[PDB]
Protein chains: 4
Amino acid sequence: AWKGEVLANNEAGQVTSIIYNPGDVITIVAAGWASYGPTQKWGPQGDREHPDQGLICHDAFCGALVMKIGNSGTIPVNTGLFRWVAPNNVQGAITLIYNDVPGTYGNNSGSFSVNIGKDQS
Amino acid sequence: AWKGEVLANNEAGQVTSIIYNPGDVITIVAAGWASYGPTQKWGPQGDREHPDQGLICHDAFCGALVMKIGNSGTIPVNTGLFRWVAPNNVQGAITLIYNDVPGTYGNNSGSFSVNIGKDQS
Amino acid sequence: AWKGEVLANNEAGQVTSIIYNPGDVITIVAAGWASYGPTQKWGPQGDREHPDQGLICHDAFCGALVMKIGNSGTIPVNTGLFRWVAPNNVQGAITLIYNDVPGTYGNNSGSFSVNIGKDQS
Amino acid sequence: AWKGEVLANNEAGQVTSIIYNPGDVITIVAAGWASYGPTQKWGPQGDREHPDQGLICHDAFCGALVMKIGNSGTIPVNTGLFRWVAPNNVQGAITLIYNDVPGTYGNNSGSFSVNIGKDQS
Ligand SMILES: [Ca+2]
Ligand SMILES: [Ca+2]
Ligand SMILES: [Ca+2]
Ligand SMILES: [Ca+2]
């Protein structure tokens, strides 16, 4: 299992120790408070009122937690995933990333604390 | 395992099928959007800017998800719990509840979708 | 989880730290060598050639590992149980017992090493 | 998870659907009766009285269940493995095999029924 922090201003994302392999079932729980610029902060589902202006993940709100598995496209994580299996052909290291517009991470603040484990399968 | 919705306006809380027994390890993931009255909605961590005016759980924000186990006091759940063990002497059915002030649930809206499972132990 | 030895000559059985609760899923693996009297020894499935002359469990061979859950009747364990759920209304402490005829345990020898854990549910 | 039979006369072994990956925790439970030639049958720990005359696994008795993971050497399974982690650098498909001397499998009989699952990690 892995536990760590994902900083909102880390555009490259936070690599974890988790390698997702075919057939794996995983659980993720994410908590905490972060911002994509404003003084306000949002949880790992992000800001439901803010328009998408070029987010790295168009399937989650700005300020949400997302991930990549190997070199997949971004996949929403939000508050977490319960006993989840990846789409076919998706495998490799899990990288966690705050959802913002590329080039605009410098004014971000806060972080999410995230646990990831593999479940029985 | 249990999956279901917890309505923000349900003051009695949502009983689940999960009975927490001594030694159990559990995982909860909660998602969604709810309000304790305002037109805005918040995720399962609630509204970090709103003062506590007599919440059923003083250890979580207004609008957060909390629980009771048997007839315990309220315990914060927020976005979820990862491979969690209860305090000594806490056991019984898990009831999930939206954190608001007693008597003020009528103007609440939305709900959280919640998964709960028992982990290996 | 519990790990321990079950002595072949222990007529009362070996109490474990595992309380089986409704809905629990458990796994048991048992290993080792024991005898109900002869110089030979047998593994946890017992002696497939020996007649049942009044065994505590008529659904397993003499010399097999069996169990009780609370005050249930005996249930075969043999080499183990994989992600197993008990019958309806069966619950309580797990006691492991070598299968022999009551009153005839004094000439028994050896033991089984046994792991028991609860699985995800 | 995988469930299947491992025939005692199958010299090449039984390939399973389980690919053991770095960091995986697995559980195996094996049951049943088989023989390496004699009319008698033994359980998955094999025959503790028979000399090793060139077995594929010198760390288990003749007639025991063993495995390979990818192209590893043989590893004893016996009655099973509880929440087990492989040695460093061992990975790949799990193949289950009856322990006998190469070239002598033709007079073998019976089989073991085996479950393998991945555990939480
Ligand atoms: Ca920004
Ligand atoms: Ca309200
Ligand atoms: Ca005896
Ligand atoms: Ca043979």
# chains A, B, ... in the order shown; residues from 1 in each chain; ligands from 1

call {"tool": "residues_near_ligand", "arguments": {"ligand": "ligand 1", "cutoff": "12 Å", "atoms": "only C-alpha atoms and all ligand atoms", "output": "PyMOL selection string"}}
result
chain A and resi 8-11+34-39+41+50+52-56+62-63+98-110

call {"tool": "closest_atom_pairs", "arguments": {"of": "chain B", "to": "chain A", "cutoff": "8 Å", "atoms": "only C-alpha atoms", "output": "tab-separated table"}}
result
residue	atom	partner	partner_atom	distance
B:28	CA	A:82	CA	7.9
B:29	CA	A:80	CA	6.2
B:30	CA	A:79	CA	6.8
B:31	CA	A:79	CA	6.1
B:43	CA	A:43	CA	6.9
B:45	CA	A:43	CA	7.1
B:78	CA	A:31	CA	7.8
B:79	CA	A:79	CA	5.6
B:80	CA	A:29	CA	6.2
B:81	CA	A:29	CA	6.9
B:82	CA	A:29	CA	6.4
B:115	CA	A:82	CA	6.9

call {"tool": "write_last_selection", "arguments": {"atoms": "N, CA, C and O atoms", "output": "compact mmCIF listing (two decimals), in the first residue's frame"}}
result
# COMPACT_ATOMS: atom_id res chain seq x y z
N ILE B 28 -14.30 2.82 3.78
CA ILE B 28 -15.46 3.60 3.30
C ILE B 28 -14.96 4.59 2.25
O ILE B 28 -13.91 5.20 2.44
N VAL B 29 -15.66 4.70 1.13
CA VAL B 29 -15.42 5.79 0.20
C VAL B 29 -16.76 6.49 -0.02
O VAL B 29 -17.76 5.85 -0.33
N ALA B 30 -16.78 7.83 0.09
CA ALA B 30 -18.01 8.64 -0.06
C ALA B 30 -17.80 9.66 -1.15
O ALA B 30 -16.72 10.24 -1.23
N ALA B 31 -18.83 9.89 -1.95
CA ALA B 31 -18.74 10.87 -3.01
C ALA B 31 -20.06 11.61 -3.15
O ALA B 31 -21.09 11.13 -2.69
N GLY B 43 -18.89 18.79 -0.93
CA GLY B 43 -18.57 17.37 -0.88
C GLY B 43 -18.61 16.83 0.53
O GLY B 43 -19.06 17.51 1.48
N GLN B 45 -16.58 16.31 2.87
CA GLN B 45 -15.89 17.02 3.96
C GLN B 45 -16.66 18.24 4.43
O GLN B 45 -16.26 18.85 5.43
N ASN B 78 -16.11 11.88 6.50
CA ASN B 78 -15.59 12.72 5.46
C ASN B 78 -15.57 11.95 4.14
O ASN B 78 -16.57 11.37 3.78
N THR B 79 -14.48 12.06 3.39
CA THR B 79 -14.41 11.36 2.10
C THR B 79 -14.27 9.84 2.25
O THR B 79 -14.45 9.13 1.28
N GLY B 80 -14.01 9.36 3.46
CA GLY B 80 -13.87 7.94 3.66
C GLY B 80 -12.81 7.59 4.66
O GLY B 80 -12.11 8.42 5.24
N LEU B 81 -12.69 6.28 4.86
CA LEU B 81 -11.76 5.71 5.85
C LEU B 81 -11.03 4.56 5.15
O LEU B 81 -11.65 3.80 4.42
N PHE B 82 -9.73 4.49 5.34
CA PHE B 82 -8.94 3.48 4.67
C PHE B 82 -8.41 2.48 5.69
O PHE B 82 -7.59 2.82 6.53
N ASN B 115 -19.76 3.67 -0.38
CA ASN B 115 -19.45 2.24 -0.34
C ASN B 115 -18.80 1.93 0.97
O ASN B 115 -17.92 2.66 1.41

call {"tool": "select_by_dssp", "arguments": {"residues": "chain C", "states": "strand (DSSP E or B)", "output": "compact mmCIF listing (two decimals) with N, CA and C atoms, in the first residue's frame"}}
result
# COMPACT_ATOMS: atom_id res chain seq x y z
N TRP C 2 -4.88 -15.26 13.16
CA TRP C 2 -4.41 -16.11 14.24
C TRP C 2 -3.49 -17.13 13.62
N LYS C 3 -2.38 -17.41 14.30
CA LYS C 3 -1.56 -18.54 13.92
C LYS C 3 -1.21 -19.31 15.17
N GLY C 4 -1.26 -20.63 15.10
CA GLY C 4 -0.98 -21.44 16.27
C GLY C 4 -0.94 -22.91 15.94
N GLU C 5 -0.65 -23.70 16.95
CA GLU C 5 -0.56 -25.14 16.83
C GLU C 5 -1.78 -25.79 17.45
N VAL C 6 -2.23 -26.85 16.81
CA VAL C 6 -3.32 -27.67 17.32
C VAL C 6 -2.75 -29.05 17.61
N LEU C 7 -2.62 -29.39 18.90
CA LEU C 7 -2.04 -30.68 19.27
C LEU C 7 -3.02 -31.82 19.07
N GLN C 14 -8.18 -26.55 20.49
CA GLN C 14 -7.41 -25.33 20.63
C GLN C 14 -8.29 -24.14 20.32
N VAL C 15 -8.58 -23.32 21.32
CA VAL C 15 -9.33 -22.09 21.08
C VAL C 15 -8.42 -21.10 20.35
N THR C 16 -8.98 -20.41 19.37
CA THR C 16 -8.26 -19.38 18.63
C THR C 16 -8.78 -18.03 19.08
N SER C 17 -8.18 -16.97 18.52
CA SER C 17 -8.59 -15.61 18.82
C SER C 17 -9.66 -15.15 17.84
N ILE C 18 -10.08 -16.02 16.93
CA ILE C 18 -11.03 -15.66 15.89
C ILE C 18 -12.45 -15.88 16.34
N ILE C 19 -13.25 -14.82 16.34
CA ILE C 19 -14.67 -14.95 16.53
C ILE C 19 -15.34 -14.83 15.20
N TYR C 20 -15.99 -15.88 14.73
CA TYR C 20 -16.70 -15.83 13.48
C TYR C 20 -18.03 -15.13 13.68
N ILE C 26 -13.73 -16.28 5.76
CA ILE C 26 -12.46 -16.65 6.37
C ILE C 26 -11.66 -17.60 5.50
N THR C 27 -10.37 -17.55 5.73
CA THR C 27 -9.45 -18.49 5.09
C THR C 27 -8.64 -19.16 6.18
N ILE C 28 -8.46 -20.48 6.03
CA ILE C 28 -7.66 -21.31 6.93
C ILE C 28 -6.68 -22.10 6.08
N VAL C 29 -5.41 -22.13 6.47
CA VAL C 29 -4.48 -23.09 5.88
C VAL C 29 -3.87 -23.88 7.04
N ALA C 30 -3.85 -25.21 6.92
CA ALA C 30 -3.30 -26.09 7.97
C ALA C 30 -2.22 -26.96 7.38
N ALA C 31 -1.16 -27.19 8.16
CA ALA C 31 -0.05 -28.02 7.71
C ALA C 31 0.48 -28.84 8.84
N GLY C 32 1.20 -29.89 8.50
CA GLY C 32 1.93 -30.68 9.49
C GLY C 32 1.53 -32.14 9.54
N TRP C 33 1.98 -32.81 10.59
CA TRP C 33 1.94 -34.26 10.69
C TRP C 33 1.50 -34.68 12.08
N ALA C 34 0.53 -35.59 12.14
CA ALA C 34 0.01 -36.03 13.43
C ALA C 34 -0.48 -37.46 13.34
N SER C 35 -0.70 -38.07 14.50
CA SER C 35 -1.17 -39.45 14.56
C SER C 35 -2.23 -39.60 15.62
N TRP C 42 -0.05 -38.66 9.62
CA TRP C 42 -0.91 -38.21 8.51
C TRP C 42 -1.01 -36.70 8.55
N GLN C 45 -5.78 -33.94 6.36
CA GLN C 45 -6.94 -34.68 5.87
C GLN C 45 -7.08 -36.02 6.58
N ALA C 64 -8.05 -36.04 10.80
CA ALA C 64 -8.22 -34.78 10.08
C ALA C 64 -8.37 -33.63 11.06
N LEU C 65 -8.10 -32.41 10.59
CA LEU C 65 -8.41 -31.20 11.34
C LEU C 65 -9.87 -30.82 11.15
N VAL C 66 -10.57 -30.56 12.24
CA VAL C 66 -11.95 -30.07 12.18
C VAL C 66 -12.09 -28.85 13.09
N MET C 67 -13.27 -28.24 13.13
CA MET C 67 -13.44 -27.10 13.98
C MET C 67 -14.86 -27.07 14.51
N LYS C 68 -15.04 -26.27 15.55
CA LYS C 68 -16.36 -25.82 15.97
C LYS C 68 -16.36 -24.31 15.95
N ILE C 69 -17.51 -23.74 15.63
CA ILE C 69 -17.68 -22.29 15.69
C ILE C 69 -18.76 -22.05 16.74
N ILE C 75 -17.16 -29.22 12.06
CA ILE C 75 -17.14 -28.86 10.65
C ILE C 75 -15.76 -29.24 10.14
N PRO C 76 -15.67 -30.01 9.05
CA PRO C 76 -14.34 -30.33 8.52
C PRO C 76 -13.54 -29.11 8.08
N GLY C 80 -7.66 -26.88 4.87
CA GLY C 80 -8.01 -25.48 4.97
C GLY C 80 -9.28 -25.17 4.24
N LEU C 81 -9.62 -23.88 4.30
CA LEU C 81 -10.86 -23.35 3.73
C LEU C 81 -10.48 -22.07 3.00
N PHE C 82 -11.00 -21.88 1.79
CA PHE C 82 -10.64 -20.72 0.99
C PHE C 82 -11.83 -19.80 0.85
N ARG C 83 -11.74 -18.60 1.44
CA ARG C 83 -12.78 -17.56 1.33
C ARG C 83 -14.16 -18.15 1.61
N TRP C 84 -14.26 -18.74 2.78
CA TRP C 84 -15.38 -19.57 3.20
C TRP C 84 -16.34 -18.79 4.10
N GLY C 92 -19.47 -17.49 16.54
CA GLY C 92 -18.78 -17.59 17.81
C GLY C 92 -17.31 -17.93 17.63
N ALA C 93 -16.63 -18.20 18.73
CA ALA C 93 -15.20 -18.46 18.70
C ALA C 93 -14.93 -19.71 17.89
N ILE C 94 -13.84 -19.67 17.14
CA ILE C 94 -13.40 -20.85 16.43
C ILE C 94 -12.49 -21.67 17.31
N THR C 95 -12.84 -22.95 17.49
CA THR C 95 -11.99 -23.91 18.20
C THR C 95 -11.57 -24.99 17.21
N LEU C 96 -10.27 -25.24 17.13
CA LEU C 96 -9.74 -26.25 16.21
C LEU C 96 -9.52 -27.55 16.97
N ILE C 97 -9.80 -28.68 16.34
CA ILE C 97 -9.71 -29.95 17.05
C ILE C 97 -9.26 -31.03 16.11
N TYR C 98 -8.40 -31.91 16.61
CA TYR C 98 -8.00 -33.09 15.89
C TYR C 98 -9.16 -34.10 15.92
N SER C 109 -0.24 -38.06 18.82
CA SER C 109 1.03 -37.34 18.78
C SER C 109 1.06 -36.38 17.59
N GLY C 110 1.99 -35.45 17.67
CA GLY C 110 2.14 -34.44 16.63
C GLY C 110 1.10 -33.37 16.74
N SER C 111 1.06 -32.53 15.71
CA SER C 111 0.25 -31.31 15.75
C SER C 111 0.13 -30.74 14.35
N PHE C 112 -0.84 -29.86 14.16
CA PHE C 112 -0.91 -29.08 12.92
C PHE C 112 -0.66 -27.61 13.22
N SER C 113 0.08 -26.96 12.33
CA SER C 113 0.27 -25.52 12.37
C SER C 113 -0.81 -24.90 11.52
N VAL C 114 -1.52 -23.91 12.05
CA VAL C 114 -2.72 -23.43 11.37
C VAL C 114 -2.73 -21.89 11.36
N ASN C 115 -3.04 -21.32 10.21
CA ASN C 115 -3.29 -19.89 10.08
C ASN C 115 -4.75 -19.69 9.81
N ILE C 116 -5.36 -18.69 10.44
CA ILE C 116 -6.73 -18.30 10.10
C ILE C 116 -6.77 -16.78 9.93
N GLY C 117 -7.42 -16.32 8.87
CA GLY C 117 -7.63 -14.88 8.74
C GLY C 117 -9.00 -14.61 8.23
N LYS C 118 -9.45 -13.37 8.46
CA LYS C 118 -10.70 -12.93 7.86
C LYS C 118 -10.38 -12.24 6.52

call {"tool": "calpha_fit_and_write", "arguments": {"fixed": "chain B", "moving": "chain C", "output": "PDB file with C-alpha atoms, in the first residue's frame"}}
result
ATOM      1  CA  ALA C   1     -20.214  -4.904   1.523  1.00  0.00           C
ATOM      2  CA  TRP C   2     -22.818  -2.138   1.263  1.00  0.00           C
ATOM      3  CA  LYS C   3     -23.456   0.573  -1.263  1.00  0.00           C
ATOM      4  CA  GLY C   4     -26.141   3.207  -0.901  1.00  0.00           C
ATOM      5  CA  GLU C   5     -27.140   6.833  -0.720  1.00  0.00           C
ATOM      6  CA  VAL C   6     -27.153   9.015   2.366  1.00  0.00           C
ATOM      7  CA  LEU C   7     -29.646  11.871   1.960  1.00  0.00           C
ATOM      8  CA  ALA C   8     -28.636  15.222   3.391  1.00  0.00           C
ATOM      9  CA  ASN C   9     -32.126  15.813   4.797  1.00  0.00           C
ATOM     10  CA  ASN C  10     -32.302  12.473   6.615  1.00  0.00           C
ATOM     11  CA  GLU C  11     -31.873  13.485  10.225  1.00  0.00           C
ATOM     12  CA  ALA C  12     -32.192   9.924  11.537  1.00  0.00           C
ATOM     13  CA  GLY C  13     -29.412   8.759   9.253  1.00  0.00           C
ATOM     14  CA  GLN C  14     -29.098   5.909   6.809  1.00  0.00           C
ATOM     15  CA  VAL C  15     -28.741   2.471   8.366  1.00  0.00           C
ATOM     16  CA  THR C  16     -26.397   0.190   6.419  1.00  0.00           C
ATOM     17  CA  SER C  17     -26.132  -3.583   6.324  1.00  0.00           C
ATOM     18  CA  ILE C  18     -22.701  -3.406   7.977  1.00  0.00           C
ATOM     19  CA  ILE C  19     -22.347  -4.531  11.551  1.00  0.00           C
ATOM     20  CA  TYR C  20     -18.972  -3.486  12.893  1.00  0.00           C
ATOM     21  CA  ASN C  21     -17.610  -6.249  15.127  1.00  0.00           C
ATOM     22  CA  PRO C  22     -14.538  -6.138  17.391  1.00  0.00           C
ATOM     23  CA  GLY C  23     -11.368  -6.502  15.352  1.00  0.00           C
ATOM     24  CA  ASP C  24     -12.997  -5.569  12.053  1.00  0.00           C
ATOM     25  CA  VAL C  25     -11.090  -3.507   9.543  1.00  0.00           C
ATOM     26  CA  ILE C  26     -13.270  -1.404   7.211  1.00  0.00           C
ATOM     27  CA  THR C  27     -12.964   0.857   4.232  1.00  0.00           C
ATOM     28  CA  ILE C  28     -15.451   3.586   3.285  1.00  0.00           C
ATOM     29  CA  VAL C  29     -15.408   5.774   0.186  1.00  0.00           C
ATOM     30  CA  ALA C  30     -18.002   8.600  -0.078  1.00  0.00           C
ATOM     31  CA  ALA C  31     -18.751  10.843  -3.033  1.00  0.00           C
ATOM     32  CA  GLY C  32     -21.216  13.448  -4.190  1.00  0.00           C
ATOM     33  CA  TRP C  33     -22.714  16.835  -3.477  1.00  0.00           C
ATOM     34  CA  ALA C  34     -25.041  18.064  -0.746  1.00  0.00           C
ATOM     35  CA  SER C  35     -26.154  21.192   1.078  1.00  0.00           C
ATOM     36  CA  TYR C  36     -27.225  22.084   4.598  1.00  0.00           C
ATOM     37  CA  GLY C  37     -29.382  24.942   3.274  1.00  0.00           C
ATOM     38  CA  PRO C  38     -27.546  27.219   0.828  1.00  0.00           C
ATOM     39  CA  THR C  39     -27.903  26.965  -2.942  1.00  0.00           C
ATOM     40  CA  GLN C  40     -24.227  25.933  -3.112  1.00  0.00           C
ATOM     41  CA  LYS C  41     -23.253  22.319  -2.489  1.00  0.00           C
ATOM     42  CA  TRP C  42     -20.284  20.736  -0.773  1.00  0.00           C
ATOM     43  CA  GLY C  43     -18.601  17.339  -0.891  1.00  0.00           C
ATOM     44  CA  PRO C  44     -18.360  14.870   2.001  1.00  0.00           C
ATOM     45  CA  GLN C  45     -15.892  16.993   3.973  1.00  0.00           C
ATOM     46  CA  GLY C  46     -18.539  19.718   4.199  1.00  0.00           C
ATOM     47  CA  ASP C  47     -18.111  23.474   4.358  1.00  0.00           C
ATOM     48  CA  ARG C  48     -14.814  24.475   5.940  1.00  0.00           C
ATOM     49  CA  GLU C  49     -15.971  28.115   6.228  1.00  0.00           C
ATOM     50  CA  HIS C  50     -19.179  27.599   8.178  1.00  0.00           C
ATOM     51  CA  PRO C  51     -19.224  27.928  11.979  1.00  0.00           C
ATOM     52  CA  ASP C  52     -20.347  24.974  14.097  1.00  0.00           C
ATOM     53  CA  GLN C  53     -23.713  26.084  15.568  1.00  0.00           C
ATOM     54  CA  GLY C  54     -24.537  22.838  17.320  1.00  0.00           C
ATOM     55  CA  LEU C  55     -23.614  20.053  14.850  1.00  0.00           C
ATOM     56  CA  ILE C  56     -24.207  16.402  15.642  1.00  0.00           C
ATOM     57  CA  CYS C  57     -20.452  15.952  15.154  1.00  0.00           C
ATOM     58  CA  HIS C  58     -18.160  18.684  16.443  1.00  0.00           C
ATOM     59  CA  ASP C  59     -15.133  16.984  14.903  1.00  0.00           C
ATOM     60  CA  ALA C  60     -16.268  17.526  11.295  1.00  0.00           C
ATOM     61  CA  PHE C  61     -17.527  20.495   9.326  1.00  0.00           C
ATOM     62  CA  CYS C  62     -21.147  21.260   8.680  1.00  0.00           C
ATOM     63  CA  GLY C  63     -22.184  19.208   5.664  1.00  0.00           C
ATOM     64  CA  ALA C  64     -19.635  16.458   6.225  1.00  0.00           C
ATOM     65  CA  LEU C  65     -20.460  12.748   6.276  1.00  0.00           C
ATOM     66  CA  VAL C  66     -20.270  11.192   9.747  1.00  0.00           C
ATOM     67  CA  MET C  67     -21.353   7.892  11.245  1.00  0.00           C
ATOM     68  CA  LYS C  68     -22.408   6.109  14.379  1.00  0.00           C
ATOM     69  CA  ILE C  69     -21.470   2.537  15.154  1.00  0.00           C
ATOM     70  CA  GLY C  70     -24.154   1.001  17.335  1.00  0.00           C
ATOM     71  CA  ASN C  71     -24.899   3.654  19.925  1.00  0.00           C
ATOM     72  CA  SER C  72     -21.525   5.379  19.770  1.00  0.00           C
ATOM     73  CA  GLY C  73     -21.121   9.103  19.503  1.00  0.00           C
ATOM     74  CA  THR C  74     -20.644  10.480  15.998  1.00  0.00           C
ATOM     75  CA  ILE C  75     -17.376   9.691  14.230  1.00  0.00           C
ATOM     76  CA  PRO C  76     -16.174  11.671  11.206  1.00  0.00           C
ATOM     77  CA  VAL C  77     -16.128   9.831   7.880  1.00  0.00           C
ATOM     78  CA  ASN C  78     -15.594  12.720   5.462  1.00  0.00           C
ATOM     79  CA  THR C  79     -14.407  11.342   2.117  1.00  0.00           C
ATOM     80  CA  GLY C  80     -13.875   7.915   3.670  1.00  0.00           C
ATOM     81  CA  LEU C  81     -11.765   5.689   5.859  1.00  0.00           C
ATOM     82  CA  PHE C  82      -8.934   3.451   4.667  1.00  0.00           C
ATOM     83  CA  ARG C  83      -8.414   0.080   6.427  1.00  0.00           C
ATOM     84  CA  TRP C  84      -9.760   1.591   9.622  1.00  0.00           C
ATOM     85  CA  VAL C  85     -10.278   0.053  13.029  1.00  0.00           C
ATOM     86  CA  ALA C  86     -12.738   1.488  15.535  1.00  0.00           C
ATOM     87  CA  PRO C  87     -11.862   2.554  19.094  1.00  0.00           C
ATOM     88  CA  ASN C  88     -12.100  -0.034  21.879  1.00  0.00           C
ATOM     89  CA  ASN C  89     -15.651  -1.008  22.895  1.00  0.00           C
ATOM     90  CA  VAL C  90     -17.245   0.422  19.753  1.00  0.00           C
ATOM     91  CA  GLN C  91     -19.410  -2.067  17.843  1.00  0.00           C
ATOM     92  CA  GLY C  92     -22.790  -2.473  16.142  1.00  0.00           C
ATOM     93  CA  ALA C  93     -24.632  -1.386  13.010  1.00  0.00           C
ATOM     94  CA  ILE C  94     -23.124   1.426  11.028  1.00  0.00           C
ATOM     95  CA  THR C  95     -25.475   4.368  10.465  1.00  0.00           C
ATOM     96  CA  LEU C  96     -24.346   7.134   8.108  1.00  0.00           C
ATOM     97  CA  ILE C  97     -25.509  10.692   8.739  1.00  0.00           C
ATOM     98  CA  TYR C  98     -25.121  14.096   7.197  1.00  0.00           C
ATOM     99  CA  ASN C  99     -23.604  16.543   9.732  1.00  0.00           C
ATOM    100  CA  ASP C 100     -26.059  19.368  10.524  1.00  0.00           C
ATOM    101  CA  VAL C 101     -27.673  20.946  13.590  1.00  0.00           C
ATOM    102  CA  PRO C 102     -30.547  18.896  15.020  1.00  0.00           C
ATOM    103  CA  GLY C 103     -33.904  20.266  13.904  1.00  0.00           C
ATOM    104  CA  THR C 104     -32.418  22.025  10.853  1.00  0.00           C
ATOM    105  CA  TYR C 105     -32.353  19.164   8.318  1.00  0.00           C
ATOM    106  CA  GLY C 106     -35.537  20.153   6.490  1.00  0.00           C
ATOM    107  CA  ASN C 107     -33.871  22.576   4.127  1.00  0.00           C
ATOM    108  CA  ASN C 108     -31.044  20.191   3.210  1.00  0.00           C
ATOM    109  CA  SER C 109     -30.573  18.802  -0.296  1.00  0.00           C
ATOM    110  CA  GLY C 110     -28.509  16.304  -2.236  1.00  0.00           C
ATOM    111  CA  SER C 111     -26.883  13.146  -1.004  1.00  0.00           C
ATOM    112  CA  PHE C 112     -23.660  11.171  -0.835  1.00  0.00           C
ATOM    113  CA  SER C 113     -23.088   7.836  -2.535  1.00  0.00           C
ATOM    114  CA  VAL C 114     -21.172   5.610  -0.154  1.00  0.00           C
ATOM    115  CA  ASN C 115     -19.447   2.213  -0.344  1.00  0.00           C
ATOM    116  CA  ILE C 116     -18.453   0.321   2.775  1.00  0.00           C
ATOM    117  CA  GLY C 117     -16.595  -2.980   2.899  1.00  0.00           C
ATOM    118  CA  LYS C 118     -14.789  -5.088   5.410  1.00  0.00           C
ATOM    119  CA  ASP C 119     -11.068  -5.628   4.740  1.00  0.00           C
ATOM    120  CA  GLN C 120      -8.834  -8.539   5.527  1.00  0.00           C
ATOM    121  CA  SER C 121      -7.945  -8.918   9.207  1.00  0.00           C
TER     122      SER C 121
END

call {"tool": "decode", "arguments": {"residues": "region 16-27 of chain C", "atoms": "N, CA, C and O atoms", "output": "compact mmCIF listing (two decimals), in the first residue's frame"}}
result
# COMPACT_ATOMS: atom_id res chain seq x y z
N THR C 16 -8.98 -20.41 19.37
CA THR C 16 -8.26 -19.38 18.63
C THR C 16 -8.78 -18.03 19.08
O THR C 16 -9.73 -17.94 19.85
N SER C 17 -8.18 -16.97 18.52
CA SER C 17 -8.59 -15.61 18.82
C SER C 17 -9.66 -15.15 17.84
O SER C 17 -10.10 -14.00 17.90
N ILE C 18 -10.08 -16.02 16.93
CA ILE C 18 -11.03 -15.66 15.89
C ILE C 18 -12.45 -15.88 16.34
O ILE C 18 -12.81 -16.99 16.76
N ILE C 19 -13.25 -14.82 16.34
CA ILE C 19 -14.67 -14.95 16.53
C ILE C 19 -15.34 -14.83 15.20
O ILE C 19 -15.27 -13.76 14.57
N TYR C 20 -15.99 -15.88 14.73
CA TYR C 20 -16.70 -15.83 13.48
C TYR C 20 -18.03 -15.13 13.68
O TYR C 20 -18.87 -15.59 14.45
N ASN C 21 -18.23 -14.02 12.95
CA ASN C 21 -19.46 -13.24 13.03
C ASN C 21 -20.26 -13.39 11.74
O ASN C 21 -19.68 -13.64 10.68
N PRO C 22 -21.59 -13.23 11.81
CA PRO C 22 -22.40 -13.34 10.60
C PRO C 22 -21.85 -12.48 9.47
O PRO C 22 -21.51 -11.30 9.66
N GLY C 23 -21.76 -13.09 8.29
CA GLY C 23 -21.27 -12.43 7.11
C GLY C 23 -19.77 -12.55 6.90
O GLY C 23 -19.26 -12.17 5.84
N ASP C 24 -19.04 -13.01 7.91
CA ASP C 24 -17.59 -13.10 7.77
C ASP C 24 -17.19 -14.09 6.69
O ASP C 24 -17.84 -15.12 6.47
N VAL C 25 -16.12 -13.74 6.01
CA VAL C 25 -15.46 -14.65 5.09
C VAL C 25 -14.09 -14.97 5.69
O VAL C 25 -13.37 -14.06 6.11
N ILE C 26 -13.73 -16.28 5.76
CA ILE C 26 -12.46 -16.65 6.37
C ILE C 26 -11.66 -17.60 5.50
O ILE C 26 -12.20 -18.28 4.63
N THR C 27 -10.37 -17.55 5.73
CA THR C 27 -9.45 -18.49 5.09
C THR C 27 -8.64 -19.16 6.18
O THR C 27 -8.18 -18.55 7.13
